[PDB]
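Participant: Please see the structure below; I have some questions.
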Amino acid sequence: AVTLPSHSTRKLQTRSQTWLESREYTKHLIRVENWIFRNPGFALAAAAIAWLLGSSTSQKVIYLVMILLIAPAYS
Amino acid sequence: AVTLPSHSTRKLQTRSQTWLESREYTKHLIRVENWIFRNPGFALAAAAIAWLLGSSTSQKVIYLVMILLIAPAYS
Amino acid sequence: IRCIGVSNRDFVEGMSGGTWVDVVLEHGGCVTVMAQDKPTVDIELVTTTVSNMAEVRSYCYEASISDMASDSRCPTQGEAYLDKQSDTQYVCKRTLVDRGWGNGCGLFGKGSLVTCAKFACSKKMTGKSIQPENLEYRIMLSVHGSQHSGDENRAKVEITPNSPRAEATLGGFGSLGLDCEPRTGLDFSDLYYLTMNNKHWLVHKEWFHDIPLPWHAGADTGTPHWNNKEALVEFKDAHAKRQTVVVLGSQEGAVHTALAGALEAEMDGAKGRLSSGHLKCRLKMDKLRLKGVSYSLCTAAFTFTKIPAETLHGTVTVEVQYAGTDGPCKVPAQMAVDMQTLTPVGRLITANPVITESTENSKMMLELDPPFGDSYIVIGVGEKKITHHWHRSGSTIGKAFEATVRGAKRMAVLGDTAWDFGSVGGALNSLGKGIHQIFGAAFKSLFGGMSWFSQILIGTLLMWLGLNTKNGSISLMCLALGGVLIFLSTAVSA
Amino acid sequence: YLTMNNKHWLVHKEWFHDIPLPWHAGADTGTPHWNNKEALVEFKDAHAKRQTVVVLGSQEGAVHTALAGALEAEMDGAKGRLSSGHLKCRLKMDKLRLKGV
Amino acid sequence: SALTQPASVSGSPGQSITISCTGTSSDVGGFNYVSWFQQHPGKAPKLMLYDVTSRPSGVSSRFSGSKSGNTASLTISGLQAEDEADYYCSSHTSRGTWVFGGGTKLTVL
């Protein structure tokens, strides 16, 4: 099983609506949320880690975005 | 559908065999790879993007790992 | 007609010296075309039918395991045989049972057994594939004229990739004569129909060749030899107690879930039918001619049948009885800012408005665009006539401005192969086409790999680069790309 | 403790409440009232005109995939044999004899 | 349902008749769907309406339809006498089904 491919990495662009375009995006976000709703601790660790790299202020925030987004989705 | 939760975000730790521990940990990796084998272009764009942030050398490589891992899974 | 109100509808500028135009059409919306007193006509994509399809591979989304057994040979007896690893559909995974005296063997350690359970399938999903041949379109024609509900002004045109010109003949005036290009359609030769059970949708040859499930090859005679099988039938054991061979259920929820970009089709008895193509058929003209251009002006009473209408695409539609005088005459209408009638402003989207024939009332429905203000539709009798007041909305750039976003999505979905709506740019279009054909490659490849939430963040990230950078080369970068991405996102269906 | 058809599993409440299915409330049947129903059916409106109702089909296997790392469990009518597990015990050797020393 | 239509009527030739069919907002009011179906007793019904005001081509231009609120009025004048065919009003409801009025016995005296 573990059907990997998500057809949206391709999709097709056309006048008519694709299969699950709505269900799709909201879904991608709502997955991340009740991921982090169940692990605030990882928001702490991810916070300290990210804020430890780059020294430059904002990318810091880029590191937090990268890390909060990769933990639930792939892994 | 699109059942979000993947039980491995918790698992259970016991001497006994978990459900799909083997085909689990890999099907993660093999999902990332073809996903990458079908879009080398995104390796180019991700390369240039990452290498434009952080100026610090090895921070760059962290950005490419950041981005190559974020694209196939977390949309 | 049949193009009024459907929205999703661009109207073309005109012939412009070529007796010819480049119109792209697709399953939804029409394109009404009006030029230099040639009758205004509109054509929709309808259904693009593909027939005569092959079968390129198959997947079994269900599984039925059977027959089990086991090995149980001792340690340092070498290997366990059990003969099924010889026969072809019985999956085997050899594991090592650390084996004790309960079983009864001389040494102790990894015991080398495998249960080989006989695979089986039910309800395979077929990957049926197509090529540009055995394709088709069946385009439809409109030609407002004067009708309402109904040959004369509606002619269907079958269009195949091997005969890409339309000889389309109309009662009362000359043929349209459109010349299609079906061979570059929506990147075919990459959609292969995917059938699960009594539903069908296109998918490319990447999502479709990437699936982990069993392969199966071309046909199902008897029962097929299933390639792979590792994906279904996952079996492992702990405590070194034989083997647990698990079925792994069915994957319909997975494949349905894994396809978010797949245009859904409908399919009956082969004749695989589709829905959302984009076709180039470029209307040739000069064979179109107004009907009855004279007919005097035709005079008598007029009574509005229906309170007229206002379309969402800047139109007002009117039906009229003409109170019964003469035959095949002609009745004018005007958009008059002044007085009851007087000067004519705005434009008639339908041309040569005409009465059909004979007794009492013949309704002439007329697509009219009032001026951006509020006028008084005028029905045409020099004196006795009914009228209205239409208050069309906006401030020039008001609606012309929105035009700037519709055009965005015109070549947002279609891509640059959507430059053509605009006819015969010649030395000029080339610039528009050559610009994004050189670009269509890169962007289709750099973020071709991206999906909807993908290109949102990458858009945001590049934008955040474009604001904080050095001088020069990347001074303008984000607006060159990140904006493009966050736009293609908010574009499409939106 | 989690049932499917026969194979039974153990999973987190944290995982088990987060499944996007039309939960039920399991109090009783007689007329099962399905909360949601939206998640498992999808209304696909055609772009030109009209609306279609389309099932998402059996999601069964996908739920097997989501169970990666459960516990493999065995059931019977009044228990459901639980493998795996661990215990903690203070083993009191006070009363013993070497038998026939 | 069951479109309200009155049982029966009559008058001198040439004289105007109006048969008004009263529906609800579900069908006659919120739609242009109407039909009046001349049904010759013993024979098959036919069309004598089409989208209200208009007519099929083989219609005696005699006939005239109209609508207000919930109404369907088939107003005939210049009667040729031999034009009493039970008139039934029918329309497309919102739910996607068609309903045919109680019908009007037409009385030619």
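Throughout, chain C uses Swiss-Prot numbering, with the displayed residues spanning 291-440, 451-794 in order.
Cβ coordinates come from backbone N, Cα and C, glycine included.
Heads up, here are the entries from Swiss-Prot:
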- C:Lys328: ubiquitin cross-link (CROSSLNK)
- C:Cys350-C:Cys406: disulfide bond (DISULFID)
- C:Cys382-C:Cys411: disulfide bond (DISULFID)
- C:388-401: region 'Fusion peptide' (REGION)
- C:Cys480-C:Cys581: disulfide bond (DISULFID)
- C:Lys571: ubiquitin cross-link (CROSSLNK)
- C:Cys598-C:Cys629: disulfide bond (DISULFID)
- C:746-767: transmembrane segment (TRANSMEM)
- C:768-773: topological domain 'Cytoplasmic' (TOPO_DOM)
- C:774-794: transmembrane segment (TRANSMEM)
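Help me understand the surroundings of these features in the structure.
Facilitator: Under the three-state DSSP scheme, C:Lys328 (ubiquitin cross-link) falls in the strand class.
In the three-state DSSP classification, C:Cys350 (disulfide bond) falls within a strand.
In three-state terms derived from DSSP, C:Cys411 (disulfide bond) belongs to neither a helical nor a strand segment and is classed as coil. Taking a C-beta cut-off of under 8 Å and a sequence gap of six or more, C:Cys411 (disulfide bond) has these contacts in its own chain: C:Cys350, C:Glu352, C:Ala353, C:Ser354, C:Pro514, C:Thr523, C:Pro524, C:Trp526.
C:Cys581 (disulfide bond) falls outside any helix or strand according to DSSP and counts as coil.
Cβ environment of C:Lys571 (ubiquitin cross-link): C:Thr339, C:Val340, C:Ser341 lie under 8 Å away, each six or more residues apart in the same chain. Secondary structure at C:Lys571 (ubiquitin cross-link), taken from DSSP and collapsed to helix, strand or coil, is coil.
Residues within less than 8 Å, Cβ to Cβ, of C:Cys629 (disulfide bond) and separated from it by at least 6 positions along the same chain comprise C:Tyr595, C:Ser596, C:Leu597, C:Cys598, C:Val654, C:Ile655.
Outside the transmembrane segment (C:746-767) by six or more residues, the chain places 560-561, 774, 776-779, 781-783, 785-786, 788-789 with a CB less than 8 A from a CB of the stretch.
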Participant: Take the C-alpha atoms of C:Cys480 (disulfide bond) and C:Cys406 (disulfide bond) and report the distance between them in angstrom, rounded.
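Facilitator: About 57 Å separates the two Cα atoms.
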Participant: Using all protein chains in view, find how many other C-beta atoms are within 10 Å of the C-beta of C:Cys350 (disulfide bond).
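Facilitator: Result for C:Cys350 (disulfide bond): 25 neighbouring Cβ atoms inside 10 Å.
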Participant: Do any residues, 6 or more residues outside the topological domain 'Cytoplasmic' (C:768-773), come within under 8 Å Cβ-to-Cβ of it, and if so which ones?
Facilitator: none
Participant: Out of C:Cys382, C:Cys406, C:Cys581, the disulfide-bonded residues in the record, which is closest to C:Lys328 (ubiquitin cross-link) when you go by Cα distance?
Facilitator: C:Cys581
Participant: Near the region 'Fusion peptide' (C:388-401), which residues from the same chain, at least 6 beyond its ends, have a CB less than 8 A from one of its CBs?
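Facilitator: Tertiary neighbours of the region 'Fusion peptide' (C:388-401) are 362-367, 540.
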Participant: Can you tell which of C:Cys382, C:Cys480, C:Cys581, C:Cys598 has the most other C-beta atoms within 10 Å, given these are the disulfide-bonded residues?
Facilitator: C:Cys581
Participant: DSSP says what for the region 'Fusion peptide' (C:388-401): how many helix, strand, coil residues?
Facilitator: 0 helix, 4 strand, 10 coil
Participant: When you measure from the Cβ of C:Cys406 (disulfide bond), how many other Cβ atoms are you left with inside 10 Å?
Facilitator: 25
